[PDB]
$ cat protein_4.pdb   # PDB, C-alpha atoms and all ligand atoms
ATOM      1  CA  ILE Y   7     -15.792 -62.595  68.771  1.00  0.00           C
ATOM      2  CA  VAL Y   8     -18.766 -63.169  66.376  1.00  0.00           C
ATOM      3  CA  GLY Y   9     -18.547 -65.649  63.505  1.00  0.00           C
ATOM      4  CA  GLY Y  10     -15.029 -66.731  64.422  1.00  0.00           C
ATOM      5  CA  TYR Y  11     -13.369 -70.080  65.182  1.00  0.00           C
ATOM      6  CA  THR Y  12     -11.798 -71.631  68.323  1.00  0.00           C
ATOM      7  CA  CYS Y  13      -8.138 -70.595  68.219  1.00  0.00           C
ATOM      8  CA  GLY Y  14      -6.775 -73.671  69.887  1.00  0.00           C
ATOM      9  CA  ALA Y  15      -4.979 -73.656  73.268  1.00  0.00           C
ATOM     10  CA  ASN Y  16      -1.991 -71.270  73.406  1.00  0.00           C
ATOM     11  CA  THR Y  17      -1.863 -70.713  69.631  1.00  0.00           C
ATOM     12  CA  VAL Y  18      -2.076 -66.904  70.254  1.00  0.00           C
ATOM     13  CA  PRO Y  19       0.686 -66.695  72.908  1.00  0.00           C
ATOM     14  CA  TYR Y  20       0.751 -62.920  73.316  1.00  0.00           C
ATOM     15  CA  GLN Y  21      -3.005 -62.759  74.180  1.00  0.00           C
ATOM     16  CA  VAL Y  22      -3.678 -61.791  77.837  1.00  0.00           C
ATOM     17  CA  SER Y  23      -6.864 -61.651  79.915  1.00  0.00           C
ATOM     18  CA  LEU Y  24      -7.301 -58.724  82.253  1.00  0.00           C
ATOM     19  CA  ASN Y  25      -9.025 -59.928  85.415  1.00  0.00           C
ATOM     20  CA  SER Y  26     -10.538 -58.067  88.350  1.00  0.00           C
ATOM     21  CA  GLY Y  27     -12.319 -61.095  89.857  1.00  0.00           C
ATOM     22  CA  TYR Y  28     -13.662 -61.882  86.383  1.00  0.00           C
ATOM     23  CA  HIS Y  29     -12.330 -61.433  82.778  1.00  0.00           C
ATOM     24  CA  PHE Y  30     -13.258 -57.898  81.630  1.00  0.00           C
ATOM     25  CA  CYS Y  31     -10.856 -57.016  78.719  1.00  0.00           C
ATOM     26  CA  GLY Y  32      -8.151 -58.553  76.561  1.00  0.00           C
ATOM     27  CA  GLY Y  33      -4.639 -57.255  76.107  1.00  0.00           C
ATOM     28  CA  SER Y  34      -1.272 -57.947  74.434  1.00  0.00           C
ATOM     29  CA  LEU Y  35       2.041 -58.868  75.928  1.00  0.00           C
ATOM     30  CA  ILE Y  36       4.745 -56.632  74.302  1.00  0.00           C
ATOM     31  CA  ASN Y  37       7.670 -57.590  76.441  1.00  0.00           C
ATOM     32  CA  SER Y  38       8.113 -59.680  79.639  1.00  0.00           C
ATOM     33  CA  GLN Y  39       6.931 -56.852  81.915  1.00  0.00           C
ATOM     34  CA  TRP Y  40       4.514 -54.712  79.835  1.00  0.00           C
ATOM     35  CA  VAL Y  41       1.043 -55.194  78.442  1.00  0.00           C
ATOM     36  CA  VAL Y  42      -0.824 -52.841  76.075  1.00  0.00           C
ATOM     37  CA  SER Y  43      -4.638 -52.630  76.145  1.00  0.00           C
ATOM     38  CA  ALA Y  44      -7.471 -50.106  75.541  1.00  0.00           C
ATOM     39  CA  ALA Y  45      -7.576 -46.990  77.859  1.00  0.00           C
ATOM     40  CA  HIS Y  46     -11.391 -47.617  78.130  1.00  0.00           C
ATOM     41  CA  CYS Y  47     -10.454 -50.886  79.884  1.00  0.00           C
ATOM     42  CA  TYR Y  48      -8.760 -48.870  82.741  1.00  0.00           C
ATOM     43  CA  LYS Y  49      -9.561 -50.105  86.194  1.00  0.00           C
ATOM     44  CA  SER Y  50      -7.708 -50.150  89.591  1.00  0.00           C
ATOM     45  CA  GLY Y  51      -6.699 -53.648  90.890  1.00  0.00           C
ATOM     46  CA  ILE Y  52      -5.906 -55.411  87.555  1.00  0.00           C
ATOM     47  CA  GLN Y  53      -4.464 -58.918  87.560  1.00  0.00           C
ATOM     48  CA  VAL Y  54      -2.960 -59.982  84.252  1.00  0.00           C
ATOM     49  CA  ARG Y  55      -3.574 -63.543  83.181  1.00  0.00           C
ATOM     50  CA  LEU Y  56      -1.088 -65.002  80.690  1.00  0.00           C
ATOM     51  CA  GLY Y  57      -0.970 -68.440  79.019  1.00  0.00           C
ATOM     52  CA  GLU Y  58      -4.811 -68.748  79.100  1.00  0.00           C
ATOM     53  CA  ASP Y  59      -7.065 -70.808  76.938  1.00  0.00           C
ATOM     54  CA  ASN Y  60     -10.073 -71.727  79.098  1.00  0.00           C
ATOM     55  CA  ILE Y  61     -10.329 -68.712  81.435  1.00  0.00           C
ATOM     56  CA  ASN Y  62     -12.544 -70.700  83.864  1.00  0.00           C
ATOM     57  CA  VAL Y  63     -10.131 -73.694  84.117  1.00  0.00           C
ATOM     58  CA  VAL Y  64      -6.601 -73.911  85.312  1.00  0.00           C
ATOM     59  CA  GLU Y  65      -5.040 -76.008  82.611  1.00  0.00           C
ATOM     60  CA  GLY Y  66      -1.375 -75.647  83.469  1.00  0.00           C
ATOM     61  CA  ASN Y  67       0.179 -72.932  81.240  1.00  0.00           C
ATOM     62  CA  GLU Y  68      -1.097 -69.899  83.122  1.00  0.00           C
ATOM     63  CA  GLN Y  69       0.876 -67.135  84.809  1.00  0.00           C
ATOM     64  CA  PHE Y  70      -1.192 -64.725  86.978  1.00  0.00           C
ATOM     65  CA  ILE Y  71       0.746 -61.523  87.623  1.00  0.00           C
ATOM     66  CA  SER Y  72      -0.769 -58.424  89.240  1.00  0.00           C
ATOM     67  CA  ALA Y  73      -0.261 -54.965  87.683  1.00  0.00           C
ATOM     68  CA  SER Y  74       2.042 -52.487  89.489  1.00  0.00           C
ATOM     69  CA  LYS Y  75       1.328 -49.439  87.326  1.00  0.00           C
ATOM     70  CA  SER Y  76      -1.158 -48.475  84.606  1.00  0.00           C
ATOM     71  CA  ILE Y  77      -0.607 -45.574  82.266  1.00  0.00           C
ATOM     72  CA  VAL Y  78      -3.475 -44.221  80.202  1.00  0.00           C
ATOM     73  CA  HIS Y  79      -2.489 -42.289  77.053  1.00  0.00           C
ATOM     74  CA  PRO Y  80      -2.156 -38.608  78.110  1.00  0.00           C
ATOM     75  CA  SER Y  81      -4.692 -37.511  75.416  1.00  0.00           C
ATOM     76  CA  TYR Y  82      -7.275 -40.243  75.798  1.00  0.00           C
ATOM     77  CA  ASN Y  83     -10.770 -38.899  75.185  1.00  0.00           C
ATOM     78  CA  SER Y  84     -13.447 -41.214  76.593  1.00  0.00           C
ATOM     79  CA  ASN Y  85     -16.200 -39.490  74.707  1.00  0.00           C
ATOM     80  CA  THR Y  86     -14.751 -39.903  71.233  1.00  0.00           C
ATOM     81  CA  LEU Y  87     -12.510 -42.870  72.132  1.00  0.00           C
ATOM     82  CA  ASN Y  88      -9.594 -41.070  70.429  1.00  0.00           C
ATOM     83  CA  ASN Y  89      -6.205 -42.421  71.686  1.00  0.00           C
ATOM     84  CA  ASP Y  90      -7.805 -45.467  73.318  1.00  0.00           C
ATOM     85  CA  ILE Y  91      -4.636 -47.123  74.460  1.00  0.00           C
ATOM     86  CA  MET Y  92      -3.112 -47.928  77.799  1.00  0.00           C
ATOM     87  CA  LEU Y  93       0.116 -49.517  79.086  1.00  0.00           C
ATOM     88  CA  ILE Y  94       0.164 -51.874  82.091  1.00  0.00           C
ATOM     89  CA  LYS Y  95       3.392 -52.783  83.881  1.00  0.00           C
ATOM     90  CA  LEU Y  96       3.556 -56.169  85.624  1.00  0.00           C
ATOM     91  CA  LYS Y  97       4.769 -56.360  89.262  1.00  0.00           C
ATOM     92  CA  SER Y  98       7.343 -58.980  88.153  1.00  0.00           C
ATOM     93  CA  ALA Y  99       8.497 -60.224  84.728  1.00  0.00           C
ATOM     94  CA  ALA Y 100       6.610 -62.936  82.919  1.00  0.00           C
ATOM     95  CA  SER Y 101       8.410 -66.187  82.139  1.00  0.00           C
ATOM     96  CA  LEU Y 102       8.549 -66.355  78.362  1.00  0.00           C
ATOM     97  CA  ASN Y 103       8.173 -69.585  76.389  1.00  0.00           C
ATOM     98  CA  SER Y 104       6.385 -71.065  73.299  1.00  0.00           C
ATOM     99  CA  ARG Y 105       3.027 -70.552  74.952  1.00  0.00           C
ATOM    100  CA  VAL Y 106       3.645 -67.189  76.581  1.00  0.00           C
ATOM    101  CA  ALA Y 107       5.366 -64.894  74.146  1.00  0.00           C
ATOM    102  CA  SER Y 108       5.492 -61.164  73.377  1.00  0.00           C
ATOM    103  CA  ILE Y 109       4.307 -59.618  70.128  1.00  0.00           C
ATOM    104  CA  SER Y 110       6.330 -57.132  68.095  1.00  0.00           C
ATOM    105  CA  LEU Y 111       5.465 -53.537  67.672  1.00  0.00           C
ATOM    106  CA  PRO Y 112       5.154 -52.235  64.111  1.00  0.00           C
ATOM    107  CA  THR Y 113       7.824 -50.230  62.287  1.00  0.00           C
ATOM    108  CA  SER Y 114       5.226 -49.389  59.616  1.00  0.00           C
ATOM    109  CA  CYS Y 115       1.455 -48.830  59.600  1.00  0.00           C
ATOM    110  CA  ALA Y 116      -0.499 -51.577  57.903  1.00  0.00           C
ATOM    111  CA  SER Y 117      -2.375 -50.807  54.703  1.00  0.00           C
ATOM    112  CA  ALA Y 118      -5.997 -51.413  53.745  1.00  0.00           C
ATOM    113  CA  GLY Y 119      -6.493 -54.939  52.331  1.00  0.00           C
ATOM    114  CA  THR Y 120      -3.986 -56.510  54.818  1.00  0.00           C
ATOM    115  CA  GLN Y 121      -5.475 -59.650  56.416  1.00  0.00           C
ATOM    116  CA  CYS Y 122      -5.198 -59.762  60.204  1.00  0.00           C
ATOM    117  CA  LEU Y 123      -5.943 -61.919  63.285  1.00  0.00           C
ATOM    118  CA  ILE Y 124      -8.290 -60.591  65.944  1.00  0.00           C
ATOM    119  CA  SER Y 125      -8.819 -62.688  69.082  1.00  0.00           C
ATOM    120  CA  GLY Y 126     -10.587 -62.637  72.427  1.00  0.00           C
ATOM    121  CA  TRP Y 127     -12.987 -64.135  74.932  1.00  0.00           C
ATOM    122  CA  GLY Y 128     -15.862 -61.688  74.238  1.00  0.00           C
ATOM    123  CA  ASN Y 129     -19.491 -62.286  73.225  1.00  0.00           C
ATOM    124  CA  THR Y 130     -20.049 -64.620  70.224  1.00  0.00           C
ATOM    125  CA  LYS Y 131     -23.557 -63.416  69.439  1.00  0.00           C
ATOM    126  CA  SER Y 132     -24.610 -60.212  67.574  1.00  0.00           C
ATOM    127  CA  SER Y 133     -28.132 -60.469  68.969  1.00  0.00           C
ATOM    128  CA  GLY Y 134     -28.197 -61.732  72.568  1.00  0.00           C
ATOM    129  CA  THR Y 135     -25.343 -63.157  74.705  1.00  0.00           C
ATOM    130  CA  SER Y 136     -23.037 -66.046  74.976  1.00  0.00           C
ATOM    131  CA  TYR Y 137     -19.577 -65.842  76.374  1.00  0.00           C
ATOM    132  CA  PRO Y 138     -17.097 -68.540  75.461  1.00  0.00           C
ATOM    133  CA  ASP Y 139     -14.667 -69.797  77.988  1.00  0.00           C
ATOM    134  CA  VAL Y 140     -11.938 -70.664  75.389  1.00  0.00           C
ATOM    135  CA  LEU Y 141     -10.181 -68.149  73.100  1.00  0.00           C
ATOM    136  CA  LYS Y 142     -11.837 -67.320  69.813  1.00  0.00           C
ATOM    137  CA  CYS Y 143     -10.117 -66.167  66.667  1.00  0.00           C
ATOM    138  CA  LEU Y 144     -11.096 -64.209  63.586  1.00  0.00           C
ATOM    139  CA  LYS Y 145      -9.263 -63.346  60.404  1.00  0.00           C
ATOM    140  CA  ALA Y 146     -10.353 -60.021  58.924  1.00  0.00           C
ATOM    141  CA  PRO Y 147      -8.949 -57.410  56.501  1.00  0.00           C
ATOM    142  CA  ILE Y 148      -8.096 -53.856  57.264  1.00  0.00           C
ATOM    143  CA  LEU Y 149     -10.718 -51.677  55.493  1.00  0.00           C
ATOM    144  CA  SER Y 150      -9.969 -48.586  53.439  1.00  0.00           C
ATOM    145  CA  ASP Y 151     -10.103 -45.360  55.248  1.00  0.00           C
ATOM    146  CA  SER Y 152     -12.888 -43.993  53.100  1.00  0.00           C
ATOM    147  CA  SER Y 153     -15.161 -46.989  53.674  1.00  0.00           C
ATOM    148  CA  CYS Y 154     -14.336 -46.584  57.393  1.00  0.00           C
ATOM    149  CA  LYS Y 155     -15.338 -42.833  57.433  1.00  0.00           C
ATOM    150  CA  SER Y 156     -18.443 -43.771  55.382  1.00  0.00           C
ATOM    151  CA  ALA Y 157     -19.644 -46.299  57.956  1.00  0.00           C
ATOM    152  CA  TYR Y 158     -18.944 -43.871  60.846  1.00  0.00           C
ATOM    153  CA  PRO Y 159     -19.447 -40.328  59.507  1.00  0.00           C
ATOM    154  CA  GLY Y 160     -17.617 -37.725  61.583  1.00  0.00           C
ATOM    155  CA  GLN Y 161     -16.241 -40.264  64.085  1.00  0.00           C
ATOM    156  CA  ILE Y 162     -12.987 -41.726  62.635  1.00  0.00           C
ATOM    157  CA  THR Y 163      -9.759 -39.903  63.586  1.00  0.00           C
ATOM    158  CA  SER Y 164      -6.238 -40.614  62.224  1.00  0.00           C
ATOM    159  CA  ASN Y 165      -5.665 -42.861  65.263  1.00  0.00           C
ATOM    160  CA  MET Y 166      -8.306 -45.368  64.251  1.00  0.00           C
ATOM    161  CA  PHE Y 167      -8.875 -47.927  61.564  1.00  0.00           C
ATOM    162  CA  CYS Y 168     -11.760 -50.192  60.604  1.00  0.00           C
ATOM    163  CA  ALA Y 169     -11.283 -53.866  60.125  1.00  0.00           C
ATOM    164  CA  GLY Y 170     -13.787 -56.562  59.279  1.00  0.00           C
ATOM    165  CA  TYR Y 171     -16.661 -56.987  56.828  1.00  0.00           C
ATOM    166  CA  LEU Y 172     -19.252 -54.434  55.611  1.00  0.00           C
ATOM    167  CA  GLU Y 173     -21.714 -57.334  55.119  1.00  0.00           C
ATOM    168  CA  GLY Y 174     -21.439 -58.094  58.834  1.00  0.00           C
ATOM    169  CA  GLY Y 175     -21.724 -61.582  60.399  1.00  0.00           C
ATOM    170  CA  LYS Y 176     -18.079 -61.567  61.638  1.00  0.00           C
ATOM    171  CA  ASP Y 177     -16.678 -59.034  64.124  1.00  0.00           C
ATOM    172  CA  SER Y 178     -15.130 -58.528  67.564  1.00  0.00           C
ATOM    173  CA  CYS Y 179     -17.715 -57.920  70.344  1.00  0.00           C
ATOM    174  CA  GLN Y 180     -18.078 -56.968  74.073  1.00  0.00           C
ATOM    175  CA  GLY Y 181     -15.390 -58.399  76.238  1.00  0.00           C
ATOM    176  CA  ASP Y 182     -12.958 -58.452  73.263  1.00  0.00           C
ATOM    177  CA  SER Y 183     -11.978 -54.819  74.143  1.00  0.00           C
ATOM    178  CA  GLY Y 184      -8.246 -54.104  74.606  1.00  0.00           C
ATOM    179  CA  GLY Y 185      -7.332 -57.255  72.612  1.00  0.00           C
ATOM    180  CA  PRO Y 186      -4.911 -57.613  69.720  1.00  0.00           C
ATOM    181  CA  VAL Y 187      -5.223 -57.082  65.948  1.00  0.00           C
ATOM    182  CA  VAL Y 188      -2.022 -58.705  64.649  1.00  0.00           C
ATOM    183  CA  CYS Y 189      -1.073 -58.378  60.967  1.00  0.00           C
ATOM    184  CA  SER Y 190       2.051 -59.962  59.488  1.00  0.00           C
ATOM    185  CA  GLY Y 191       3.385 -60.924  62.930  1.00  0.00           C
ATOM    186  CA  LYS Y 192       3.066 -57.293  64.282  1.00  0.00           C
ATOM    187  CA  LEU Y 193       0.556 -55.745  66.675  1.00  0.00           C
ATOM    188  CA  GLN Y 194      -1.341 -53.258  64.446  1.00  0.00           C
ATOM    189  CA  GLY Y 195      -4.511 -52.600  66.370  1.00  0.00           C
ATOM    190  CA  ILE Y 196      -6.284 -52.723  69.690  1.00  0.00           C
ATOM    191  CA  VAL Y 197     -10.012 -53.700  69.884  1.00  0.00           C
ATOM    192  CA  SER Y 198     -11.625 -50.381  70.661  1.00  0.00           C
ATOM    193  CA  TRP Y 199     -15.211 -49.703  69.631  1.00  0.00           C
ATOM    194  CA  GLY Y 200     -18.068 -50.089  67.152  1.00  0.00           C
ATOM    195  CA  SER Y 201     -21.816 -49.911  66.842  1.00  0.00           C
ATOM    196  CA  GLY Y 202     -23.068 -53.250  68.223  1.00  0.00           C
ATOM    197  CA  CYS Y 203     -21.398 -56.395  66.775  1.00  0.00           C
ATOM    198  CA  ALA Y 204     -21.305 -58.035  63.329  1.00  0.00           C
ATOM    199  CA  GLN Y 205     -23.933 -55.589  61.972  1.00  0.00           C
ATOM    200  CA  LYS Y 206     -24.133 -54.657  58.302  1.00  0.00           C
ATOM    201  CA  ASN Y 207     -22.019 -51.629  57.505  1.00  0.00           C
ATOM    202  CA  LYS Y 208     -20.916 -51.283  61.100  1.00  0.00           C
ATOM    203  CA  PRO Y 209     -17.381 -52.837  61.187  1.00  0.00           C
ATOM    204  CA  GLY Y 210     -15.144 -52.930  64.306  1.00  0.00           C
ATOM    205  CA  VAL Y 211     -12.996 -49.820  64.977  1.00  0.00           C
ATOM    206  CA  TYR Y 212      -9.479 -50.299  66.290  1.00  0.00           C
ATOM    207  CA  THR Y 213      -6.785 -48.150  67.808  1.00  0.00           C
ATOM    208  CA  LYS Y 214      -3.996 -47.630  65.198  1.00  0.00           C
ATOM    209  CA  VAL Y 215      -0.917 -48.812  67.187  1.00  0.00           C
ATOM    210  CA  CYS Y 216       1.726 -47.660  64.661  1.00  0.00           C
ATOM    211  CA  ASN Y 217       0.956 -44.056  65.642  1.00  0.00           C
ATOM    212  CA  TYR Y 218       1.917 -44.777  69.299  1.00  0.00           C
ATOM    213  CA  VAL Y 219       5.201 -46.662  68.991  1.00  0.00           C
ATOM    214  CA  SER Y 220       7.417 -43.857  70.118  1.00  0.00           C
ATOM    215  CA  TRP Y 221       5.088 -42.986  73.082  1.00  0.00           C
ATOM    216  CA  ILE Y 222       5.155 -46.708  74.063  1.00  0.00           C
ATOM    217  CA  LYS Y 223       8.941 -46.985  73.787  1.00  0.00           C
ATOM    218  CA  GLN Y 224       9.694 -43.780  75.666  1.00  0.00           C
ATOM    219  CA  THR Y 225       7.171 -44.599  78.374  1.00  0.00           C
ATOM    220  CA  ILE Y 226       8.563 -48.130  78.991  1.00  0.00           C
ATOM    221  CA  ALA Y 227      12.157 -46.765  78.915  1.00  0.00           C
ATOM    222  CA  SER Y 228      11.272 -44.471  81.837  1.00  0.00           C
ATOM    223  CA  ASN Y 229       8.894 -46.515  84.038  1.00  0.00           C
TER     224      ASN Y 229
HETATM  225  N1  LIG K 301     -17.821 -54.825  67.040  1.00  0.00           N
HETATM  226  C1  LIG K 301     -16.879 -53.956  67.709  1.00  0.00           C
HETATM  227  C2  LIG K 301     -16.816 -54.206  69.201  1.00  0.00           C
HETATM  228  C3  LIG K 301     -17.983 -53.558  69.893  1.00  0.00           C
HETATM  229  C4  LIG K 301     -17.951 -53.854  71.387  1.00  0.00           C
HETATM  230  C5  LIG K 301     -16.650 -53.305  72.007  1.00  0.00           C
HETATM  231  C6  LIG K 301     -15.400 -53.831  71.280  1.00  0.00           C
HETATM  232  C7  LIG K 301     -15.567 -53.604  69.773  1.00  0.00           C
HETATM  233 CA    CA K 302      -7.109 -71.330  82.340  1.00  0.00          CA
END

$ encode --input "protein_4.pdb" --output "structure tokens" --more "lines below"
Ligand SMILES: [NH3+]CC1CCCCC1
Ligand SMILES: [Ca+2]
Amino acid sequence: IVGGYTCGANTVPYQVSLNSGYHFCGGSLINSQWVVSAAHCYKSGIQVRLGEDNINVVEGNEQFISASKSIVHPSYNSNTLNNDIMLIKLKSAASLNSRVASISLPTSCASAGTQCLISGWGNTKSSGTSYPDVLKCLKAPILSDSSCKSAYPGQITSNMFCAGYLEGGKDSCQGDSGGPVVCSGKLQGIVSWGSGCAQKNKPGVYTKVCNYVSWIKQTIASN
């Protein structure tokens, strides 16, 4: 996250870290046994880390649960990043409490102008690199669809939205991928892609989760 603030330990209780010997992507706990992330984060051998603040220190609220199954969206296109969403089932159910909690799925798509919370452990610099070890937070509005198609001509599908600032300076960044965009207490987006980080007229692009709610429900009802 670029130009954000330190969230504070366990203040974003649905935030997970996907680990394969190192943190490589964020994710969101949607019930005690299922995580949703970005399909471009797909990897074999995922361990899900819950209750994290400092990802390099065991602080006491962590639960490390390995994944038993990963399901990439059946129409994921890695070239265009359309349908960049994946479900991960935990081998056993997480123990839910004030610091490890699931986030609700939307019953409605969020509108442009809605302020949201984006969070993750990704790069905090738009030019160069510096990875934080504690979770970083950023409040950003959903952008109108026409300013989104104007920043990314020919690249925005109906399954994507832009969120952030056309002046730049604040944005999600590498390593924030798969992470949550929560608006009004509901998961509305997944950190998906963009052109660099915090650049002028190049806002973050996010998977539009409200389009996938029935695929998510049906898939967890059957797996
Ligand atoms: N600024 C958008 C970021 C670009 C890196 C990958 C996640 C999304
Ligand atoms: Ca830790």

$ residues_around --input "protein_4.pdb" --residues "residue 205 in chain Y" --least-positions-apart "4" --cutoff "12 Å" --atoms "only C-alpha atoms" --output "ChimeraX atom specification"
/Y:8-9,131-133,157,170-179,200-201,209-210

$ resolve_selection --input "protein_4.pdb" --expression "the PyMOL selection byres (((not hetatm)) within 8 of (chain K and resi 302))" --output "PDB file with C-alpha atoms, in the coordinates of the input"
ATOM      1  CA  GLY Y  57      -0.970 -68.440  79.019  1.00  0.00           C
ATOM      2  CA  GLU Y  58      -4.811 -68.748  79.100  1.00  0.00           C
ATOM      3  CA  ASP Y  59      -7.065 -70.808  76.938  1.00  0.00           C
ATOM      4  CA  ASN Y  60     -10.073 -71.727  79.098  1.00  0.00           C
ATOM      5  CA  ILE Y  61     -10.329 -68.712  81.435  1.00  0.00           C
ATOM      6  CA  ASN Y  62     -12.544 -70.700  83.864  1.00  0.00           C
ATOM      7  CA  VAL Y  63     -10.131 -73.694  84.117  1.00  0.00           C
ATOM      8  CA  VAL Y  64      -6.601 -73.911  85.312  1.00  0.00           C
ATOM      9  CA  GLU Y  65      -5.040 -76.008  82.611  1.00  0.00           C
ATOM     10  CA  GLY Y  66      -1.375 -75.647  83.469  1.00  0.00           C
ATOM     11  CA  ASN Y  67       0.179 -72.932  81.240  1.00  0.00           C
ATOM     12  CA  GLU Y  68      -1.097 -69.899  83.122  1.00  0.00           C
TER      13      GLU Y  68
END

$ residues_around --input "protein_4.pdb" --residues "residue 17 in chain Y" --least-positions-apart "5" --cutoff "10 Å" --atoms "only C-alpha atoms" --output "JSON, numbers by chain"
{"Y": [57, 59, 104, 105, 106, 141, 143]}

$ write_last_selection --input "protein_4.pdb" --atoms "C-alpha atoms" --output "PDB file, in the coordinates of the input"
ATOM      1  CA  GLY Y  57      -0.970 -68.440  79.019  1.00  0.00           C
ATOM      2  CA  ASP Y  59      -7.065 -70.808  76.938  1.00  0.00           C
ATOM      3  CA  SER Y 104       6.385 -71.065  73.299  1.00  0.00           C
ATOM      4  CA  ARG Y 105       3.027 -70.552  74.952  1.00  0.00           C
ATOM      5  CA  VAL Y 106       3.645 -67.189  76.581  1.00  0.00           C
ATOM      6  CA  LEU Y 141     -10.181 -68.149  73.100  1.00  0.00           C
ATOM      7  CA  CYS Y 143     -10.117 -66.167  66.667  1.00  0.00           C
TER       8      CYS Y 143
END

$ resolve_selection --input "protein_4.pdb" --expression "the PyMOL selection byres (((chain Y and resi 187) around 10) and not hetatm)" --output "PyMOL selection string"
chain Y and resi 34+121-125+144-146+148+169+184-186+188-189+191-197+212-215

$ closest_residue --input "protein_4.pdb" --among "Y:118, Y:149, Y:162, Y:203" --to "ligand LIG 301 (chain K)" --atoms "only C-alpha atoms and all ligand atoms"
Y:203

$ closest_residue --input "protein_4.pdb" --among "Y:109, Y:41, Y:204, Y:115" --to "ligand LIG 301 (chain K)" --atoms "only C-alpha atoms and all ligand atoms"
Y:204

$ axis_aligned_box --input "protein_4.pdb" --around "range 101-113 of chain Y" --padding-each-side "5 Å" --output "AutoDock Vina command-line options"
--center_x 5.8 --center_y -60.6 --center_z 72.2 --size_x 15.5 --size_y 30.8 --size_z 29.9

$ atom_distance --input "protein_4.pdb" --atom1 "CA of residue 12 in chain Y" --atom2 "CA of residue 140 in chain Y"
7.1 Å

$ resolve_selection --input "protein_4.pdb" --expression "the PyMOL selection byres (((chain Y and resi 84) around 12) and not hetatm)" --output "count of residues only"
20

$ residues_near_point --input "protein_4.pdb" --point "(-19.4, -56.8, 78.5)" --cutoff "9 Å" --atoms "only C-alpha atoms" --output "ChimeraX atom specification"
/Y:30-31,128-129,179-183

$ closest_residue --input "protein_4.pdb" --among "Y:113, Y:120, Y:50, Y:43" --to "ligand LIG 301 (chain K)" --atoms "all atoms listed in the file"
Y:43

$ closest_residue --input "protein_4.pdb" --among "Y:42, Y:211, Y:226, Y:52" --to "ligand LIG 301 (chain K)" --atoms "only C-alpha atoms and all ligand atoms"
Y:211

$ closest_residue --input "protein_4.pdb" --among "Y:127, Y:40, Y:137, Y:158" --to "residue 77 in chain Y" --atoms "all atoms listed in the file"
Y:40
